[PDB]
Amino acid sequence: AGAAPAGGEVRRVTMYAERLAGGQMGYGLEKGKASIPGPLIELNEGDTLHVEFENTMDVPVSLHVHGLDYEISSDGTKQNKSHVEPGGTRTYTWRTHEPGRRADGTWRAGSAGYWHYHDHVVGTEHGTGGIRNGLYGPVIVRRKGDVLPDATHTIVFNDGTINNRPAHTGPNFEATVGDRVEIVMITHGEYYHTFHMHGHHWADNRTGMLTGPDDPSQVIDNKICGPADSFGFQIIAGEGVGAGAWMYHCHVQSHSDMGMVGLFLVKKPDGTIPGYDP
């Protein structure tokens, strides 16, 4: 229960790229704790982030980010010699800005939104191998006053997997009726997808909720997405529909049949989920 403050802090974090089991690779904030997706990075508009990056891996790796402000030296491409050699370290810097009126009279959009970072050098100079291996994660940049959620869950459609998981293994997320639940939805790889949530719905705009009665944004429960698309939203769990095992899945039929499905488990306050019997 709260809102994002105004930003402008200089922030620091250590990040590592590490091999994981089965040919996978992940980003982590502590050694041996790499995850797919990588760790959620949250900033308020105006914040600067210095990522003190370490490549623990035996092959080059990079960190490229969407939406945020970065100089070429933090592009994270071989083009710009801003990759990281094996065993090497590098500080990537991401800046963000508030919205404001330009001198030419136009309005400059702020950095706020649902973004993501990923590798750009593993396998190919566009990171095809590193992204396939799991080198991706979410970045939320919040505008002053944006509503904060009770929990945030990241769902990545990477080719024919969710979060590089084996088919038919979710992931599942739990909430209680009334929780404000934030979804970060990212796509990667070769395929288009359509993200669908049973029992819930959001506005197709920056925050996923209408700004008020004048917001003409479409309200949807199904959204087409392709490689490197990112969007997000906040829903009220069970709003107008109640507790239950609410499925979410890609709606491309073969993709849902092959396992691109998971559960949003919404509990009443007493913890019950009517009719859930897996």
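Counting begins at 1, following the sequence as shown.
**Q** Hey, which bit's got the bigger mean C-alpha B factor in the entry, 156-164 or 98-106?
**A** Between 156-164 and 98-106, it is 98-106.
**Q** Compare the mean C-alpha B-factor of 53-61 with that of 39-47 as given in the PDB entry, and name the stretch with the higher value.
**A** Higher mean C-alpha B-factor: 53-61.
**Q** Reading the B-factor column of the entry, which of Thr187, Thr176, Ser82, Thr124 has the highest value at its C-alpha atom?
**A** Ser82 has the highest C-alpha B-factor of those listed.
**Q** If you compare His66, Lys223, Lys31, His249, which has the highest Cα B-factor in the entry?
**A** Across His66, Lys223, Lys31, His249, the entry lists the biggest C-alpha B-factor for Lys31.
**Q** Taking the entry's C-alpha B-factors for this chain, is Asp229 in the lowest, middle or highest third?
**A** Its C-alpha B-factor belongs to the lowest third of this chain's values.
**Q** Lowest, middle or highest third: where is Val141 by C-alpha B factor in its chain?
**A** For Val141, the deposited C-alpha B-factor lands in the lowest third.
**Q** By the recorded C-alpha temperature factor, relative to the other modelled residues in its chain, which third is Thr89 in?
**A** Highest third.
**Q** Can you tell me whether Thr211 has a C-alpha B-factor in the lowest, middle or highest third compared with the other modelled residues of the same chain?
**A** Its C-alpha B-factor, which the entry lists for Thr211, ranks in the highest third among residues of this chain.
**Q** Sorting the chain's CA B-factors, does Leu148 end up in the lowest, middle or highest third?
**A** Its C-alpha B-factor belongs to the highest third of this chain's values.
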